[PDB]
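Have a look at run-v1.pdb below; it lists PDB, C-alpha atoms.
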MODEL        1
ATOM      1  CA  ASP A  37     124.977  58.690-127.292  1.00  0.00           C
ATOM      2  CA  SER A  38     128.366  58.556-128.988  1.00  0.00           C
ATOM      3  CA  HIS A  39     126.964  57.513-132.361  1.00  0.00           C
ATOM      4  CA  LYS A  40     125.195  60.849-132.338  1.00  0.00           C
ATOM      5  CA  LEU A  41     128.389  62.417-130.985  1.00  0.00           C
ATOM      6  CA  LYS A  42     130.384  61.012-133.895  1.00  0.00           C
ATOM      7  CA  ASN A  43     128.100  62.998-136.181  1.00  0.00           C
ATOM      8  CA  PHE A  44     128.370  65.940-133.766  1.00  0.00           C
ATOM      9  CA  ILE A  45     132.043  66.126-134.710  1.00  0.00           C
ATOM     10  CA  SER A  46     131.313  66.330-138.404  1.00  0.00           C
ATOM     11  CA  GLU A  47     129.228  69.440-139.019  1.00  0.00           C
ATOM     12  CA  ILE A  48     130.896  71.659-136.416  1.00  0.00           C
ATOM     13  CA  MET A  49     134.171  71.222-138.259  1.00  0.00           C
ATOM     14  CA  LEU A  50     132.269  71.749-141.496  1.00  0.00           C
ATOM     15  CA  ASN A  51     130.596  74.870-140.126  1.00  0.00           C
ATOM     16  CA  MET A  52     133.857  76.575-139.236  1.00  0.00           C
ATOM     17  CA  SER A  53     135.427  75.261-142.428  1.00  0.00           C
ATOM     18  CA  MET A  54     133.872  77.710-144.860  1.00  0.00           C
ATOM     19  CA  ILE A  55     134.229  80.618-142.455  1.00  0.00           C
ATOM     20  CA  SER A  56     137.608  82.249-141.908  1.00  0.00           C
ATOM     21  CA  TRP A  57     139.621  82.501-138.732  1.00  0.00           C
ATOM     22  CA  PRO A  58     141.953  85.294-137.606  1.00  0.00           C
ATOM     23  CA  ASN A  59     143.777  82.832-135.367  1.00  0.00           C
ATOM     24  CA  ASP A  60     143.519  79.403-133.801  1.00  0.00           C
ATOM     25  CA  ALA A  61     142.594  80.168-130.198  1.00  0.00           C
ATOM     26  CA  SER A  62     138.999  81.287-130.706  1.00  0.00           C
ATOM     27  CA  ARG A  63     138.332  78.234-132.875  1.00  0.00           C
ATOM     28  CA  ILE A  64     139.133  75.752-130.118  1.00  0.00           C
ATOM     29  CA  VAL A  65     137.090  77.661-127.563  1.00  0.00           C
ATOM     30  CA  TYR A  66     134.122  77.808-129.897  1.00  0.00           C
ATOM     31  CA  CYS A  67     133.518  74.067-129.577  1.00  0.00           C
ATOM     32  CA  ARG A  68     132.921  73.987-125.815  1.00  0.00           C
ATOM     33  CA  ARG A  69     130.029  76.416-126.259  1.00  0.00           C
ATOM     34  CA  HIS A  70     128.112  73.584-127.892  1.00  0.00           C
ATOM     35  CA  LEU A  71     129.434  70.622-125.932  1.00  0.00           C
ATOM     36  CA  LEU A  72     127.464  68.346-123.640  1.00  0.00           C
ATOM     37  CA  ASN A  73     127.011  68.446-119.902  1.00  0.00           C
ATOM     38  CA  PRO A  74     129.662  66.020-118.523  1.00  0.00           C
ATOM     39  CA  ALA A  75     131.888  66.502-121.557  1.00  0.00           C
ATOM     40  CA  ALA A  76     132.336  70.224-120.931  1.00  0.00           C
ATOM     41  CA  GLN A  77     133.672  69.340-117.482  1.00  0.00           C
ATOM     42  CA  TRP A  78     136.343  67.255-119.195  1.00  0.00           C
ATOM     43  CA  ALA A  79     136.699  70.030-121.747  1.00  0.00           C
ATOM     44  CA  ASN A  80     137.302  72.580-118.994  1.00  0.00           C
ATOM     45  CA  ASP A  81     139.993  70.440-117.404  1.00  0.00           C
ATOM     46  CA  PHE A  82     141.694  69.687-120.695  1.00  0.00           C
ATOM     47  CA  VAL A  83     142.775  73.266-121.367  1.00  0.00           C
ATOM     48  CA  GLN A  84     144.062  73.640-117.806  1.00  0.00           C
ATOM     49  CA  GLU A  85     146.148  70.489-118.171  1.00  0.00           C
ATOM     50  CA  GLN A  86     147.722  72.067-121.252  1.00  0.00           C
ATOM     51  CA  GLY A  87     150.484  74.274-119.901  1.00  0.00           C
ATOM     52  CA  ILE A  88     150.694  76.168-123.193  1.00  0.00           C
ATOM     53  CA  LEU A  89     147.729  78.234-124.409  1.00  0.00           C
ATOM     54  CA  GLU A  90     146.810  75.855-127.228  1.00  0.00           C
ATOM     55  CA  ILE A  91     147.540  72.407-128.502  1.00  0.00           C
ATOM     56  CA  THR A  92     146.157  72.445-132.049  1.00  0.00           C
ATOM     57  CA  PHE A  93     142.571  72.106-133.061  1.00  0.00           C
ATOM     58  CA  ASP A  94     142.399  68.409-133.945  1.00  0.00           C
ATOM     59  CA  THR A  95     143.997  67.306-130.669  1.00  0.00           C
ATOM     60  CA  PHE A  96     141.014  68.648-128.765  1.00  0.00           C
ATOM     61  CA  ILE A  97     138.788  66.569-131.030  1.00  0.00           C
ATOM     62  CA  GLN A  98     140.898  63.431-130.658  1.00  0.00           C
ATOM     63  CA  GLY A  99     140.602  63.528-126.885  1.00  0.00           C
ATOM     64  CA  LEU A 100     136.883  63.789-127.503  1.00  0.00           C
ATOM     65  CA  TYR A 101     137.317  60.952-129.977  1.00  0.00           C
ATOM     66  CA  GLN A 102     139.189  59.036-127.295  1.00  0.00           C
ATOM     67  CA  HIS A 103     136.245  59.888-125.056  1.00  0.00           C
ATOM     68  CA  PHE A 104     134.027  57.820-127.361  1.00  0.00           C
ATOM     69  CA  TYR A 105     135.228  54.182-127.039  1.00  0.00           C
ATOM     70  CA  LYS A 106     132.070  52.694-128.516  1.00  0.00           C
ATOM     71  CA  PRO A 107     131.849  49.638-130.784  1.00  0.00           C
ATOM     72  CA  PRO A 108     128.573  47.925-131.730  1.00  0.00           C
ATOM     73  CA  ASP A 109     127.847  44.180-131.752  1.00  0.00           C
ATOM     74  CA  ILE A 110     126.620  43.345-135.272  1.00  0.00           C
TER      75      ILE A 110
ATOM     76  CA  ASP B  37     114.013  67.711-110.370  1.00  0.00           C
ATOM     77  CA  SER B  38     116.552  69.540-108.230  1.00  0.00           C
ATOM     78  CA  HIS B  39     119.309  66.990-108.801  1.00  0.00           C
ATOM     79  CA  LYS B  40     119.096  67.996-112.434  1.00  0.00           C
ATOM     80  CA  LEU B  41     118.810  71.620-111.308  1.00  0.00           C
ATOM     81  CA  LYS B  42     122.020  71.313-109.301  1.00  0.00           C
ATOM     82  CA  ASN B  43     123.760  70.457-112.561  1.00  0.00           C
ATOM     83  CA  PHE B  44     121.778  73.241-114.260  1.00  0.00           C
ATOM     84  CA  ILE B  45     123.703  75.678-112.074  1.00  0.00           C
ATOM     85  CA  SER B  46     127.060  74.345-113.159  1.00  0.00           C
ATOM     86  CA  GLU B  47     127.351  74.815-116.913  1.00  0.00           C
ATOM     87  CA  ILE B  48     125.509  78.137-117.128  1.00  0.00           C
ATOM     88  CA  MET B  49     128.130  79.646-114.857  1.00  0.00           C
ATOM     89  CA  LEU B  50     130.759  77.832-116.902  1.00  0.00           C
ATOM     90  CA  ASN B  51     129.262  79.111-120.148  1.00  0.00           C
ATOM     91  CA  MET B  52     129.450  82.754-119.135  1.00  0.00           C
ATOM     92  CA  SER B  53     132.821  82.139-117.512  1.00  0.00           C
ATOM     93  CA  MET B  54     134.941  82.062-120.648  1.00  0.00           C
ATOM     94  CA  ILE B  55     132.989  84.880-122.264  1.00  0.00           C
ATOM     95  CA  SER B  56     133.531  88.466-121.161  1.00  0.00           C
ATOM     96  CA  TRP B  57     131.062  90.862-119.624  1.00  0.00           C
ATOM     97  CA  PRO B  58     130.865  94.648-120.002  1.00  0.00           C
ATOM     98  CA  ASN B  59     129.003  94.853-116.702  1.00  0.00           C
ATOM     99  CA  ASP B  60     127.132  92.787-114.151  1.00  0.00           C
ATOM    100  CA  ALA B  61     123.495  93.591-114.891  1.00  0.00           C
ATOM    101  CA  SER B  62     123.099  91.704-118.164  1.00  0.00           C
ATOM    102  CA  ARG B  63     124.725  88.633-116.617  1.00  0.00           C
ATOM    103  CA  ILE B  64     122.085  88.248-113.917  1.00  0.00           C
ATOM    104  CA  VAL B  65     119.247  88.765-116.371  1.00  0.00           C
ATOM    105  CA  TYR B  66     120.685  86.190-118.733  1.00  0.00           C
ATOM    106  CA  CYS B  67     119.885  83.351-116.334  1.00  0.00           C
ATOM    107  CA  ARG B  68     116.111  83.860-116.213  1.00  0.00           C
ATOM    108  CA  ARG B  69     115.960  83.355-119.979  1.00  0.00           C
ATOM    109  CA  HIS B  70     116.750  79.701-119.359  1.00  0.00           C
ATOM    110  CA  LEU B  71     114.974  79.150-116.056  1.00  0.00           C
ATOM    111  CA  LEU B  72     112.041  76.850-115.404  1.00  0.00           C
ATOM    112  CA  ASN B  73     108.345  77.575-115.323  1.00  0.00           C
ATOM    113  CA  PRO B  74     107.537  78.156-111.607  1.00  0.00           C
ATOM    114  CA  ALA B  75     111.094  79.241-110.854  1.00  0.00           C
ATOM    115  CA  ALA B  76     110.943  82.205-113.227  1.00  0.00           C
ATOM    116  CA  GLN B  77     107.928  83.441-111.269  1.00  0.00           C
ATOM    117  CA  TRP B  78     110.116  83.460-108.166  1.00  0.00           C
ATOM    118  CA  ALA B  79     112.900  84.901-110.290  1.00  0.00           C
ATOM    119  CA  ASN B  80     110.651  87.743-111.436  1.00  0.00           C
ATOM    120  CA  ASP B  81     109.676  88.600-107.878  1.00  0.00           C
ATOM    121  CA  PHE B  82     113.226  88.424-106.594  1.00  0.00           C
ATOM    122  CA  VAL B  83     114.480  91.396-108.600  1.00  0.00           C
ATOM    123  CA  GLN B  84     111.453  93.469-107.589  1.00  0.00           C
ATOM    124  CA  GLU B  85     112.097  92.719-103.925  1.00  0.00           C
ATOM    125  CA  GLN B  86     115.617  94.070-104.419  1.00  0.00           C
ATOM    126  CA  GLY B  87     115.271  97.820-104.051  1.00  0.00           C
ATOM    127  CA  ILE B  88     118.649  98.378-105.711  1.00  0.00           C
ATOM    128  CA  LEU B  89     119.184  97.379-109.352  1.00  0.00           C
ATOM    129  CA  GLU B  90     121.425  94.414-108.547  1.00  0.00           C
ATOM    130  CA  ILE B  91     122.541  92.285-105.674  1.00  0.00           C
ATOM    131  CA  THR B  92     125.565  90.426-107.051  1.00  0.00           C
ATOM    132  CA  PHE B  93     125.525  87.437-109.303  1.00  0.00           C
ATOM    133  CA  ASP B  94     126.000  84.616-106.796  1.00  0.00           C
ATOM    134  CA  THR B  95     123.202  85.843-104.522  1.00  0.00           C
ATOM    135  CA  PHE B  96     120.680  85.158-107.259  1.00  0.00           C
ATOM    136  CA  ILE B  97     122.059  81.628-107.479  1.00  0.00           C
ATOM    137  CA  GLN B  98     122.004  81.095-103.716  1.00  0.00           C
ATOM    138  CA  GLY B  99     118.318  81.936-103.525  1.00  0.00           C
ATOM    139  CA  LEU B 100     117.917  79.360-106.261  1.00  0.00           C
ATOM    140  CA  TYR B 101     120.156  77.121-104.179  1.00  0.00           C
ATOM    141  CA  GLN B 102     117.931  77.840-101.197  1.00  0.00           C
ATOM    142  CA  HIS B 103     115.056  76.943-103.506  1.00  0.00           C
ATOM    143  CA  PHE B 104     116.476  73.415-103.733  1.00  0.00           C
ATOM    144  CA  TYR B 105     116.177  71.902-100.210  1.00  0.00           C
ATOM    145  CA  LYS B 106     116.600  68.323-101.387  1.00  0.00           C
ATOM    146  CA  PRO B 107     118.443  65.536 -99.555  1.00  0.00           C
ATOM    147  CA  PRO B 108     118.303  61.861-100.579  1.00  0.00           C
ATOM    148  CA  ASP B 109     117.797  58.846 -98.298  1.00  0.00           C
ATOM    149  CA  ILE B 110     120.761  56.517 -98.925  1.00  0.00           C
TER     150      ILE B 110
ENDMDL
END
If you convert what's in this file into structure tokens, what do you get?
Amino acid sequence: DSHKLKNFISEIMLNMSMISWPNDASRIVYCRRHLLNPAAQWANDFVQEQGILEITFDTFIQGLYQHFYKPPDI
Amino acid sequence: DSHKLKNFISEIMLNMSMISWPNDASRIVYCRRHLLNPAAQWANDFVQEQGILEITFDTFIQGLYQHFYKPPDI
């Protein structure tokens, strides 16, 4: 799953890369529109645990990167 | 089937949650665009049985929740 989800990080950053942004808030809420079924539950809780309106865009990805935890064998 | 369909309730409410709505009518007709093959037949009949244009958004879900009827054994 996560090996696909590692790639799933890559293009969605690359998609919003070439397009502009008027601010930072709508960028971080754009991701959850594409996210998976149990991950969006974590994604919903993660904004509510943030007391401020936004912790910056990479930090949302790193918690999803910390959601990965997957090494292979060989 | 329905154990998946219980989850299928959850995100589609959560998807439209963070997005706005100008009214209530287009929200209830958005669901049937994703619904299953025999369920959309029930979904088509359910609006026609409503004499008024809309009975509110949860009531459509509860009839789908009443469509479930599935307990497990252990």
Can I have chain B aligned to chain A? Use a least-squares fit on all Cα atoms paired in order and write it out as an mmCIF file with C-alpha atoms, in the frame of the given file.
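What landed in part_26.cif:
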data_model
loop_
_atom_site.group_PDB
_atom_site.id
_atom_site.type_symbol
_atom_site.label_atom_id
_atom_site.label_comp_id
_atom_site.auth_asym_id
_atom_site.auth_seq_id
_atom_site.Cartn_x
_atom_site.Cartn_y
_atom_site.Cartn_z
ATOM 1 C CA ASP B 37 124.977 58.689 -127.292
ATOM 2 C CA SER B 38 128.365 58.555 -128.988
ATOM 3 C CA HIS B 39 126.964 57.513 -132.361
ATOM 4 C CA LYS B 40 125.196 60.849 -132.338
ATOM 5 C CA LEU B 41 128.388 62.417 -130.985
ATOM 6 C CA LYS B 42 130.384 61.011 -133.895
ATOM 7 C CA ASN B 43 128.100 62.998 -136.182
ATOM 8 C CA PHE B 44 128.370 65.941 -133.766
ATOM 9 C CA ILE B 45 132.044 66.126 -134.710
ATOM 10 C CA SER B 46 131.313 66.329 -138.405
ATOM 11 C CA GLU B 47 129.229 69.440 -139.018
ATOM 12 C CA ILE B 48 130.897 71.660 -136.416
ATOM 13 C CA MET B 49 134.171 71.222 -138.259
ATOM 14 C CA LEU B 50 132.269 71.749 -141.497
ATOM 15 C CA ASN B 51 130.597 74.870 -140.126
ATOM 16 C CA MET B 52 133.858 76.575 -139.236
ATOM 17 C CA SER B 53 135.427 75.261 -142.427
ATOM 18 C CA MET B 54 133.873 77.710 -144.860
ATOM 19 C CA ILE B 55 134.229 80.617 -142.454
ATOM 20 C CA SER B 56 137.607 82.249 -141.907
ATOM 21 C CA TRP B 57 139.621 82.500 -138.732
ATOM 22 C CA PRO B 58 141.953 85.294 -137.605
ATOM 23 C CA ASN B 59 143.776 82.832 -135.366
ATOM 24 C CA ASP B 60 143.519 79.403 -133.801
ATOM 25 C CA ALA B 61 142.594 80.168 -130.198
ATOM 26 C CA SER B 62 138.999 81.287 -130.707
ATOM 27 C CA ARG B 63 138.331 78.234 -132.875
ATOM 28 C CA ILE B 64 139.133 75.752 -130.117
ATOM 29 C CA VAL B 65 137.089 77.660 -127.563
ATOM 30 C CA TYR B 66 134.122 77.808 -129.898
ATOM 31 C CA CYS B 67 133.518 74.068 -129.577
ATOM 32 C CA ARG B 68 132.921 73.988 -125.815
ATOM 33 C CA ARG B 69 130.029 76.417 -126.260
ATOM 34 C CA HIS B 70 128.112 73.584 -127.891
ATOM 35 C CA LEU B 71 129.434 70.622 -125.931
ATOM 36 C CA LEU B 72 127.463 68.345 -123.640
ATOM 37 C CA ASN B 73 127.012 68.446 -119.901
ATOM 38 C CA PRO B 74 129.661 66.021 -118.524
ATOM 39 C CA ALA B 75 131.889 66.502 -121.557
ATOM 40 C CA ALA B 76 132.337 70.223 -120.931
ATOM 41 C CA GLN B 77 133.673 69.340 -117.483
ATOM 42 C CA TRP B 78 136.343 67.254 -119.197
ATOM 43 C CA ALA B 79 136.698 70.030 -121.747
ATOM 44 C CA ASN B 80 137.303 72.580 -118.994
ATOM 45 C CA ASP B 81 139.994 70.441 -117.404
ATOM 46 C CA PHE B 82 141.693 69.687 -120.694
ATOM 47 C CA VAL B 83 142.775 73.265 -121.367
ATOM 48 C CA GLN B 84 144.062 73.640 -117.805
ATOM 49 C CA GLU B 85 146.147 70.490 -118.171
ATOM 50 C CA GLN B 86 147.722 72.067 -121.252
ATOM 51 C CA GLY B 87 150.484 74.273 -119.901
ATOM 52 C CA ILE B 88 150.694 76.168 -123.194
ATOM 53 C CA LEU B 89 147.729 78.235 -124.409
ATOM 54 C CA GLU B 90 146.810 75.854 -127.229
ATOM 55 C CA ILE B 91 147.539 72.407 -128.501
ATOM 56 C CA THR B 92 146.157 72.445 -132.049
ATOM 57 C CA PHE B 93 142.570 72.105 -133.062
ATOM 58 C CA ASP B 94 142.399 68.409 -133.945
ATOM 59 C CA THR B 95 143.997 67.306 -130.669
ATOM 60 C CA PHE B 96 141.015 68.647 -128.764
ATOM 61 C CA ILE B 97 138.787 66.569 -131.030
ATOM 62 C CA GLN B 98 140.898 63.430 -130.657
ATOM 63 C CA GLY B 99 140.603 63.528 -126.885
ATOM 64 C CA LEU B 100 136.884 63.790 -127.503
ATOM 65 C CA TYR B 101 137.318 60.952 -129.977
ATOM 66 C CA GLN B 102 139.189 59.036 -127.295
ATOM 67 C CA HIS B 103 136.246 59.889 -125.056
ATOM 68 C CA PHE B 104 134.027 57.821 -127.360
ATOM 69 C CA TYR B 105 135.229 54.182 -127.038
ATOM 70 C CA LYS B 106 132.071 52.694 -128.517
ATOM 71 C CA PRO B 107 131.849 49.639 -130.784
ATOM 72 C CA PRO B 108 128.572 47.925 -131.730
ATOM 73 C CA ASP B 109 127.847 44.180 -131.751
ATOM 74 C CA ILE B 110 126.619 43.345 -135.272
#
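Using all atoms listed in the file, the chain B residues found within 12 Å of chain A amount to residues 40, 43, 44, 45, 46, 47, 48, 49, 50, 51, 52, 53, 54 and 55 of chain B.
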query: Hey, what comes out of the PyMOL selection byres ((chain A and resi 95-104) around 10) on this file? Could you write it as number ranges by chain?
result: A: 37-39, 41-42, 45, 49, 64-65, 67, 75, 78-79, 82-83, 90-94, 105-107
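Put simply, CA of residue 71 in chain B is 27.1 Å away from CA of residue 109 in chain B.
The two atoms in question, CA of residue 66 in chain A and CA of residue 89 in chain A, are spaced 14.7 Å apart.
Separating CA of residue 58 in chain A from CA of residue 60 in chain B is a distance of 28.7 Å.
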For range 96-108 of chain B, where the input has fewer atoms than it should, I would like N, CA, C and O atoms rebuilt and written as a compact mmCIF listing (two decimals), keeping the file's coordinate frame.
# COMPACT_ATOMS: atom_id res chain seq x y z
N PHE B 96 121.80 85.68 -106.49
CA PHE B 96 120.68 85.16 -107.26
C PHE B 96 120.72 83.64 -107.32
O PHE B 96 119.68 82.98 -107.30
N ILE B 97 121.92 83.08 -107.39
CA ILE B 97 122.06 81.63 -107.48
C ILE B 97 121.78 80.99 -106.13
O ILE B 97 121.22 79.89 -106.04
N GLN B 98 122.16 81.67 -105.05
CA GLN B 98 122.00 81.10 -103.72
C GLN B 98 120.54 81.03 -103.31
O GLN B 98 120.12 80.07 -102.65
N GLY B 99 119.76 82.03 -103.70
CA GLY B 99 118.32 81.94 -103.52
C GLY B 99 117.72 80.80 -104.34
O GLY B 99 116.79 80.13 -103.89
N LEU B 100 118.28 80.56 -105.52
CA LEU B 100 117.92 79.36 -106.26
C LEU B 100 118.49 78.12 -105.60
O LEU B 100 117.91 77.03 -105.70
N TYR B 101 119.63 78.25 -104.93
CA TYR B 101 120.16 77.12 -104.18
C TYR B 101 119.34 76.90 -102.92
O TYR B 101 119.14 75.76 -102.49
N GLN B 102 118.84 77.98 -102.32
CA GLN B 102 117.93 77.84 -101.20
C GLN B 102 116.56 77.37 -101.66
O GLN B 102 115.75 76.90 -100.86
N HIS B 103 116.29 77.48 -102.96
CA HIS B 103 115.06 76.94 -103.51
C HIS B 103 115.12 75.42 -103.60
O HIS B 103 114.09 74.75 -103.74
N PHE B 104 116.32 74.85 -103.49
CA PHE B 104 116.48 73.42 -103.73
C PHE B 104 115.90 72.58 -102.60
O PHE B 104 114.86 71.94 -102.76
N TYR B 105 116.53 72.66 -101.42
CA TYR B 105 116.18 71.90 -100.21
C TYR B 105 116.01 70.40 -100.42
O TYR B 105 115.04 69.82 -99.90
N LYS B 106 116.90 69.73 -101.15
CA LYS B 106 116.60 68.32 -101.39
C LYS B 106 117.72 67.38 -100.97
O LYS B 106 118.77 67.32 -101.62
N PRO B 107 117.54 66.64 -99.88
CA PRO B 107 118.44 65.54 -99.56
C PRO B 107 117.89 64.20 -100.02
O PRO B 107 116.66 64.03 -100.14
N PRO B 108 118.75 63.24 -100.31
CA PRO B 108 118.30 61.86 -100.58
C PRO B 108 118.31 61.02 -99.30
O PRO B 108 118.65 61.50 -98.22
